[PDB]
Amino acid sequence: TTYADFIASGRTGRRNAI
Amino acid sequence: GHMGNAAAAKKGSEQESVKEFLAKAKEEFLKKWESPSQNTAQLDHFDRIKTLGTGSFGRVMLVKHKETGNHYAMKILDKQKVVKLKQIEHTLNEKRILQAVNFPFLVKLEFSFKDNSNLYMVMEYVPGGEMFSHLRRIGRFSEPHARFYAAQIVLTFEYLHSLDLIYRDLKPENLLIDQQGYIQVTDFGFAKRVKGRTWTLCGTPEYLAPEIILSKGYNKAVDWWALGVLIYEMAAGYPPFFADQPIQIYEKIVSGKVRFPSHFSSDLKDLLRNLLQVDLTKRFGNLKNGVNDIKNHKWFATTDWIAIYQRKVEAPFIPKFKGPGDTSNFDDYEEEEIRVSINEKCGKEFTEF
Ligand SMILES: CCCNCCNS(=O)(=O)c1cccc2cnccc12
């Protein structure tokens, strides 16, 4: 599922600006 | 048509009252923009309590003003590190913006000052924590909940854009929940005051509009794209474009094929398809009707814009308050000493702070 993909993405935590 | 006489007159009048408000707001902003405040406190006026998190180019600490007992959130910027990262102008501009703007959902700069080593931006302490924390804790917000927050961002962007400010770092991590459950936008480290087009590649990957990624220039409509991303993430619990690595995120953004959870309402999907719109001749917030295409969209039909501005709407979530200076709504962070060199660093570069 999309949610499972999100959890597997490694980007569920805080995201810094570039 | 969609509106009878009374409703059409009411909407027309409301839209004219926004114009009058924004005209006065710009007058007030420009006075402070042209004559910024400087050096309104010093470090030994404050007790350092605990690190609350980060902001662009620095770390944010909960502090207590010794003489009054009032708590604040103080961003500490190491001048040498700012120089090395080529962020001098950004940091000066963040403080200049913060001291000049005034809006109920923009965090206020209560004091600022500098010393031999660091710059200090002492902001209001917003004790409810990041929206990010609450969103990840409960998974996703209901549409009414997401809409309450979204309305505050719409009004805030309406205000900022009228001042020719582009915000450029909307995300749940930068939105703090205050004691009444309303949102406070933080971090103007990537904002820019410019009329028309600009080109800088900056922001947070998941929230970048296609035109930021691509070499073409862009305008304030990037913030309306980012609003689309935020609304989607609030309502879904995850953003519309993600991947393991930023480069792959950018490919998905530029492809632009948005898909929605089956629980999204039709009104929500319609709004999001008009915000997450690659074509700038079609993106809401960028058309002849401006912000009104957003404010008058069916998904916002229940939103009383003035009541949101006046903070008269009951918020969906009121954070717990354990007492003055409580940080229970925040993650714990590494505690870094504040060192102040006996030698002034980078004085000429930061004269204006
Ligand atoms: C990528 C993660 C970004 N986090 C941004 C928020 N950081 S913060 O929570 O230390 C914070 C920052 C600024 C003002 C504050 C005012 N009251 C409280 C906290 C504040």
# chains A, B, ... in the order shown; residues from 1 in each chain; ligands from 1

$ interface_residues --of "chain B" --to "chain A" --cutoff "7 Å" --atoms "only C-alpha atoms" --output "VMD selection string"
chain B and resid 173 202 to 204 238 243 to 244

$ residues_near_ligand --ligand "ligand 1" --cutoff "9 Å" --atoms "only C-alpha atoms and all ligand atoms" --output "count of residues only"
47

$ residues_around --residues "residue 166 (chain B)" --least-positions-apart "4" --cutoff "6 Å" --atoms "only C-alpha atoms" --output "ChimeraX atom specification"
/B:191-192,220

$ write_last_selection --atoms "N, CA and C atoms" --output "PDB file, in the first residue's frame"
ATOM      1  N   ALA B 191      12.897  32.376   3.097  1.00  0.00           N
ATOM      2  CA  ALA B 191      11.965  33.298   2.496  1.00  0.00           C
ATOM      3  C   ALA B 191      12.717  34.349   1.688  1.00  0.00           C
ATOM      4  N   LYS B 192      11.999  34.978   0.758  1.00  0.00           N
ATOM      5  CA  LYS B 192      12.601  36.020  -0.058  1.00  0.00           C
ATOM      6  C   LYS B 192      11.543  37.060  -0.340  1.00  0.00           C
ATOM      7  N   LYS B 220       5.552  33.229  -6.425  1.00  0.00           N
ATOM      8  CA  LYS B 220       4.907  32.897  -5.166  1.00  0.00           C
ATOM      9  C   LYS B 220       3.981  31.689  -5.276  1.00  0.00           C
TER      10      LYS B 220
END

$ select_by_dssp --residues "region 26-212 of chain B" --states "strand (DSSP E or B)" --output "MDAnalysis selection string"
chainID B and resid 46:55 58:65 71:78 106 109:114 118:124 130 165:166 175:177 183:185 192:193 198

$ residues_around --residues "residue 309 (chain B)" --least-positions-apart "3" --cutoff "8 Å" --atoms "only C-alpha atoms" --output "list in words"
residues 104, 152, 155, 305, 306 and 312 of chain B

$ write_last_selection --atoms "C-alpha atoms" --output "short mmCIF file (atom, residue, chain, number, x, y, z; two decimals), in the first residue's frame"
data_model
loop_
_atom_site.label_atom_id
_atom_site.label_comp_id
_atom_site.auth_asym_id
_atom_site.auth_seq_id
_atom_site.Cartn_x
_atom_site.Cartn_y
_atom_site.Cartn_z
CA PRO B 104 -1.68 36.06 14.29
CA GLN B 152 -4.59 29.55 8.81
CA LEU B 155 -4.59 33.53 5.37
CA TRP B 305 -12.29 33.22 7.32
CA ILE B 306 -12.76 36.24 9.61
CA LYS B 312 -12.74 32.75 17.54
#
